[PDB]
Every structure is written in structure tokens, then in C-alpha cells.
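Have a look at model.csv; it's CSV, C-alpha atoms (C1' of nucleotides):
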chain,number,residue,atom,x,y,z
Y,471,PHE,CA,-63.9,0.3,-69.0
Y,472,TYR,CA,-67.6,-0.4,-69.1
Y,473,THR,CA,-70.3,0.8,-71.5
Y,474,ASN,CA,-72.8,0.4,-68.6
Y,475,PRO,CA,-70.8,1.1,-65.5
Y,476,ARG,CA,-73.8,1.9,-63.2
Y,477,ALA,CA,-75.3,-1.6,-63.8
Y,478,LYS,CA,-74.9,-4.2,-61.0
Y,479,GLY,CA,-74.8,-7.1,-63.5
Y,480,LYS,CA,-72.0,-8.3,-65.8
Y,481,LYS,CA,-70.7,-5.1,-67.4
Y,482,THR,CA,-69.7,-5.3,-71.1
Y,483,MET,CA,-66.5,-3.6,-72.2
Y,484,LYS,CA,-66.3,-0.3,-74.1
Y,485,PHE,CA,-62.6,-0.1,-75.0
Y,486,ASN,CA,-60.9,-2.1,-77.7
Y,487,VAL,CA,-57.1,-1.8,-76.9
Y,488,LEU,CA,-55.7,-1.3,-73.4
Y,489,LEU,CA,-52.1,-0.1,-73.2
Y,490,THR,CA,-50.4,-0.8,-69.9
Y,491,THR,CA,-47.0,-1.5,-68.3
Y,492,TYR,CA,-45.6,-4.4,-66.2
Y,493,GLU,CA,-45.9,-2.5,-62.9
Y,494,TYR,CA,-49.7,-2.0,-63.2
Y,495,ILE,CA,-50.0,-5.6,-64.3
Y,496,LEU,CA,-48.4,-6.7,-61.1
Y,497,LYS,CA,-50.3,-4.0,-59.2
Y,498,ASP,CA,-53.8,-4.6,-60.7
Y,499,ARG,CA,-53.8,-8.3,-61.6
Y,500,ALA,CA,-57.0,-8.8,-59.7
Y,501,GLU,CA,-58.9,-6.1,-61.7
Y,502,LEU,CA,-57.4,-7.2,-65.1
Y,503,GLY,CA,-57.4,-11.0,-64.8
Y,504,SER,CA,-61.2,-11.2,-64.9
Y,505,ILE,CA,-61.5,-9.9,-68.5
Y,506,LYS,CA,-62.0,-12.2,-71.4
Y,507,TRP,CA,-59.1,-10.9,-73.6
Y,508,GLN,CA,-59.1,-11.7,-77.3
Y,509,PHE,CA,-55.5,-10.7,-78.1
Y,510,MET,CA,-52.4,-10.0,-76.1
Y,511,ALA,CA,-49.2,-8.2,-77.2
Y,512,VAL,CA,-46.2,-8.1,-74.9
Y,513,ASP,CA,-43.4,-5.8,-76.0
Y,514,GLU,CA,-39.8,-6.5,-75.0
Y,515,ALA,CA,-40.3,-10.2,-74.3
Y,516,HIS,CA,-36.8,-10.8,-73.0
Y,517,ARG,CA,-38.1,-9.2,-69.7
Y,518,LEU,CA,-40.3,-12.3,-69.8
Y,519,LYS,CA,-37.2,-14.5,-70.2
Z,1,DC,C1',-47.2,21.8,-45.6
Z,2,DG,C1',-44.1,21.7,-49.9
Z,3,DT,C1',-40.4,19.1,-51.8
Z,4,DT,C1',-37.0,15.8,-52.3
Z,5,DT,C1',-35.3,11.4,-51.6
Z,6,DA,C1',-34.6,6.9,-50.6
Z,7,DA,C1',-37.2,2.6,-49.2
Z,8,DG,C1',-39.7,-1.1,-51.4
Z,9,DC,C1',-40.4,-4.2,-55.1
Z,10,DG,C1',-39.0,-6.7,-59.2
Z,11,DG,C1',-34.8,-8.1,-62.1
Z,12,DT,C1',-29.8,-9.6,-63.9
Z,13,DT,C1',-25.6,-12.8,-63.6
Z,14,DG,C1',-22.3,-15.3,-62.3
Z,15,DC,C1',-19.7,-17.6,-58.3
Z,16,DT,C1',-19.3,-19.2,-53.7
Z,17,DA,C1',-20.9,-20.6,-48.9
Z,18,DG,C1',-23.4,-23.8,-46.7
Z,19,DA,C1',-26.9,-27.6,-45.7
Z,20,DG,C1',-27.7,-32.4,-46.7
Z,21,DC,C1',-26.1,-37.2,-48.0
Z,22,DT,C1',-22.7,-41.1,-48.5
Z,23,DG,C1',-18.2,-43.2,-47.7
Z,24,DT,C1',-13.5,-44.1,-45.5
Z,25,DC,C1',-10.3,-44.1,-42.0
Z,26,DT,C1',-7.4,-42.6,-38.4
Z,27,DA,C1',-6.0,-40.3,-34.5
Z,28,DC,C1',-8.1,-39.6,-30.1
Z,29,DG,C1',-10.5,-40.5,-26.0
Z,30,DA,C1',-13.1,-44.0,-22.9
Z,31,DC,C1',-11.8,-48.0,-20.0
Z,32,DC,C1',-9.1,-51.0,-16.9
Z,33,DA,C1',-5.0,-52.5,-14.0
Z,34,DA,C1',-0.7,-51.4,-11.4
Z,35,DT,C1',1.6,-47.8,-9.3
Z,36,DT,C1',3.0,-44.1,-6.9
Z,37,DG,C1',3.5,-39.3,-5.4
Z,38,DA,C1',0.8,-35.2,-4.3
Z,39,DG,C1',-2.6,-33.8,-0.6
Z,40,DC,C1',-4.2,-33.7,4.5
Z,41,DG,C1',-3.3,-34.2,9.2
Z,42,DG,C1',0.0,-34.3,13.1
Z,43,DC,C1',4.9,-33.8,15.2
Z,44,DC,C1',9.2,-31.2,15.8
Z,45,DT,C1',12.1,-26.9,15.7
Z,46,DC,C1',13.7,-22.0,14.8
Z,47,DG,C1',12.9,-16.5,14.3
Z,48,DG,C1',11.3,-13.2,16.6
Z,49,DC,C1',8.8,-11.0,20.5
Z,50,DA,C1',8.5,-10.8,25.2
Z,51,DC,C1',9.5,-11.6,30.5
Z,52,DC,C1',12.8,-11.5,34.3
Z,53,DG,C1',17.4,-10.9,36.9
Z,54,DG,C1',21.6,-8.1,37.1
Z,55,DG,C1',24.6,-4.1,36.6
Z,56,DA,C1',25.7,1.0,35.2
Z,57,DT,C1',23.9,5.9,35.5
Z,58,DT,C1',21.7,10.3,37.3
Z,59,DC,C1',18.5,12.9,40.8
Z,60,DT,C1',17.0,14.1,45.8
Z,61,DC,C1',17.5,14.8,50.7
Z,62,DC,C1',19.7,15.4,55.6
Z,63,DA,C1',23.2,17.2,58.3
Z,64,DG,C1',27.6,20.3,59.5
Z,65,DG,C1',30.0,24.8,59.3
Z,66,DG,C1',29.9,29.6,59.6
Z,67,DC,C1',27.6,34.2,60.4
Z,68,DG,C1',24.0,37.7,62.2
Z,69,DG,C1',20.9,39.3,66.0
Z,70,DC,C1',19.2,39.4,70.9
Z,71,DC,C1',19.7,39.3,76.2
Z,72,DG,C1',20.1,41.5,79.9
Z,73,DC,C1',24.8,41.9,82.3
Z,74,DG,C1',28.5,43.8,84.1
Z,75,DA,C1',32.7,46.7,84.4
Z,76,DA,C1',33.6,51.5,84.0
Z,77,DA,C1',33.4,56.9,83.5
Z,78,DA,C1',31.2,60.9,85.3
Z,79,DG,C1',28.2,63.4,88.5
Z,80,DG,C1',26.4,64.6,93.4
Z,81,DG,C1',26.6,65.1,98.9

So, in terms of C-alpha cells, how does the structure I just supplied come out?
Amino acid sequence: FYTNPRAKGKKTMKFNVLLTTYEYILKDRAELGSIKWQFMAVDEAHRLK
DNA sequence: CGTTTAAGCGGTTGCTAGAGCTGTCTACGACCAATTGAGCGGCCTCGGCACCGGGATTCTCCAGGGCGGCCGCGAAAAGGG
């Protein structure tokens, strides 16, 4: 995730696109909600109906 | 300890049960008065068990009649002087 993971400060990102599923969104919402996302793409949006 | 499997969580999709609210009404139960008949106590009487007097029935005992054994006793046959 982090370009500088050993630093104690605000760590910048290293990746560009993160592919995930719904289960790990509901499992790791605390570790993924504190990221300033620029774009979001949700496949099979009828699950979000 | 290795492996499988089913619990846990999230999700669909419609209908129905049930809680809550508002409204109406009707049968049902509280209430009261008059009444009376079912419950509690006593009083009287019979069914059955028991007590007492009287009469019929069977078992035990005392006395009479007959028979056996003794007690010397006494008439009689045989021996002796």
C-alpha cells in the first residue's frame, strides 16, 4: 500500500488501482475508508440495488 | 492433526401474521330485590348383631347280679391195740 510503510507519519500510497470484492469491503471498511480515493468503479451494480 | 463441512453473514422476493390505532355495537356480566330450597343440626326408627331364657341331645358314674377263691370244719374211710 505505502511507498514509505516504515514511517510513522502520513504514508503516501504506492498503488494506482486496487481490485477487491464486496466481502473484503464489508470486512475491511476501517482500513479502506481512510483513503482519499480519486475514482471508484463498482461492477454488477444491481447488487447495490 | 488433516480434512471436510456446515455455521455465520449478507441478499432476494413476495405474502401473511401480528402489533398498534380508531370506531361501532351488542351480547354478557355486575348489581339489586324477592324468593325459596339446599345445607346443617337434631329427632325418630329399622337392620343387623348380640344377650338371655327355654327346650332337645349325648356323655359319665354308681349300684346290682353272678362267679371264683379261701377257711378251717366236719363227716367218713382205713389203720392200730

Near chain Z, which residues of chain Y fall within 12 Å when you count all atoms listed in the file, and what do they look like as a compact mmCIF listing (two decimals) with C-alpha atoms, in the frame of the given file?
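The result, written out as part07.txt:
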# COMPACT_ATOMS: atom_id res chain seq x y z
CA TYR Y 492 -45.60 -4.40 -66.20
CA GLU Y 493 -45.90 -2.50 -62.90
CA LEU Y 496 -48.40 -6.70 -61.10
CA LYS Y 497 -50.30 -4.00 -59.20
CA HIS Y 516 -36.80 -10.80 -73.00
CA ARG Y 517 -38.10 -9.20 -69.70
CA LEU Y 518 -40.30 -12.30 -69.80
CA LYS Y 519 -37.20 -14.50 -70.20

All residues 12 Å or closer to residue 509 in chain Y, all atoms listed in the file, same chain fewer than 2 positions away omitted, as a PyMOL selection string: chain Y and resi 486-488+505-507+511-512

Close residues, residue 482 in chain Y itself excluded, 7 Å, only C-alpha atoms (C1' of nucleotides), min 6 positions apart in chain, as an NGL selection string: :Y and (472-474)

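Note that CA of residue 501 in chain Y and CA of residue 515 in chain Y are 22.8 Å apart.
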
Between CA of residue 489 in chain Y and CA of residue 475 in chain Y - distance in Å to one decimal: 20.3 Å

Find the axis-aligned box for range 512-516 of chain Y, covering all its listed atoms and adding 4 Å on each side, and write its centre and edge lengths in Å to one decimal as lines of an AutoDock Vina configuration file.
center_x = -41.5
center_y = -8.3
center_z = -74.5
size_x = 17.4
size_y = 13.0
size_z = 11.0

Interatomic distance, CA of residue 484 in chain Y to CA of residue 504 in chain Y (Å, one decimal): 15.1 Å
